[PDB]
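Below you'll find only one chain, the form deposited without D-MYO-inositol-1-phosphate, shown as structure tokens.
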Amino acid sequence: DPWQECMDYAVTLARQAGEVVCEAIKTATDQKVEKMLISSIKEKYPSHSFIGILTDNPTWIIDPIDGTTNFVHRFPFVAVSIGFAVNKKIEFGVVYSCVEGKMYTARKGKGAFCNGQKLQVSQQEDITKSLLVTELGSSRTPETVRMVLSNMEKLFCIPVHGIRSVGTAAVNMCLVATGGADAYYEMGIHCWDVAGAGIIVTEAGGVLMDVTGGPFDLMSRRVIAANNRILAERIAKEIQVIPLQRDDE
């Protein structure tokens, strides 16, 4: 199988990059690591594409430091994220939370793992009994911020059990995969923030969905990553779509 060789190599790279990012903690680092990752992959697979518009070509979708604010603050959640898409479909994902030393991996059809341990999403379907994760965002536009908090307020209007935030899209999503959280939602993310972790959620038995309710669009700047379709749709139903410039357009 060809793509299994790519994954083994990607896990090697993600750990190599993670150690570099965590050494730095112990920005210039982000450029330094992305160049290293792209150069490494190009030296082994020179016919592949990269993002940091998606064609059917084997493509590497890289976020060398997911959680840049965390990185600056030494807040213990900083991730290296690598997603691999063939025929516009994610085939495997790698998310290495380096401070945690947690290597999240998932291959299409083979399930999702954290450091060799099988991951399964939670069973919860009642949004009233649900724990969510999200990020407030990097935009400070009063109109956007109001929308973000209103959605958060609306979800607190419903008696949800709670809302958490570790400052990382990929790790927030990985926490859904472990079952620790029931669902994740955010508007303002980019494809490189979620391409690695999306497949880890779905291979944990989760679902990816657009906040409109429709199918998850990798370039929409929007994502719901839930444990099941029931909880995802309820979230989509309750929050309001925020207009934002698409990744391809």
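Sequential numbering from 1, following the sequence displayed.
The segment from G52 to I53 is interrupted, since 10 or more residues of the deposited sequence in that interval carry no coordinates. Count the deposited residues lacking coordinates between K26 and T27 and you get 10 or more of them.
Judged by mean Cα B factor in the deposited record, 151 to 159 ranks above the other of 151 to 159 and 96 to 104. Between 111 to 119 and 140 to 148, the higher mean Cα B-factor belongs to 140 to 148. As recorded in the PDB entry, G214 shows the highest C-alpha B-factor of the residues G214, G206, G180, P64. Looking at the C-alpha B-factors along this chain, the one for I239 belongs to the highest third. Sort the chain's modelled residues by C-alpha temperature factor and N70 lands in the lowest third, per the entry.
Among all modelled residues in this chain, the alpha-carbon of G188 has a temperature factor (C-alpha) in the middle third. Remark: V201 belongs to the lowest third of its chain, ranked by C-alpha B-factor as recorded. When the modelled residues of the chain are ordered by C-alpha B-factor, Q124 sits in the middle third.
Not pictured, yet referred to below: the form solved in complex with D-MYO-inositol-1-phosphate.
Contact annotation: D-MYO-inositol-1-phosphate lies within 4.5 Å of heavy atoms from the stretch 134 to 142 in the deposited complex, the single such stretch among 121 to 129, 147 to 155, 83 to 91, 134 to 142. Only one of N57, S40, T68, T29 lies close to D-MYO-inositol-1-phosphate in the deposited complex, with a heavy atom inside 4.5 Å, and it is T68. None of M209, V33, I61, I189 but one reaches within 4.5 angstroms of D-MYO-inositol-1-phosphate in the deposited complex through a heavy atom, and that residue is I189. The shortest heavy atom separation between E203 and D-MYO-inositol-1-phosphate in the deposited complex exceeds 4.5 Å. Taking non-hydrogen atoms only, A169 approaches D-MYO-inositol-1-phosphate to within 4.5 angstroms in the deposited complex.
Contact annotation: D182 falls outside 4.5 Å of D-MYO-inositol-1-phosphate in the deposited complex, judged by heavy atom distances.
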